[PDB]
């Protein structure tokens, strides 16, 4: 029973920061290629970041390079996403997900999704 439970989303002002968390149950995060996918209306889906090849190599989108940081905690079996210097363009629903071809399961699995919103004082008023 592979399960990914997400946490950490919320409302933040530009320049703020969040730490998205995704706890896995049923398998070790130290063995799968994990990542984060953003979803926004009129934007489809895009891979934000990913950690792969338990040598531990990280991919980042050009939009989030230098600001986002993907991490693993094998003790707690949790994937982390540090999101500093947030922008209005980072507003979306983030999903922790496996690769298209998982090592454990024959088909990929997703998290439930966490809404992360970045809005300024002028946009809210």
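Residue numbers count along the first chain shown, from 1.
When 95-103 is weighed against 49-57, 49-57 comes out higher, by mean CA B-factor as recorded in the entry. In this entry, 28-36 has the higher mean Cα B-factor, the comparison being between 28-36 and 59-67. Looking at the C-alpha B-factors along this chain, the one for residue 77 belongs to the middle third. In the deposited entry, the Cα temperature factor of residue 121 places it in the highest third of its chain's modelled residues. In the PDB entry, a CA B factor belonging to the lowest third of its chain's modelled residues is recorded for residue 15.
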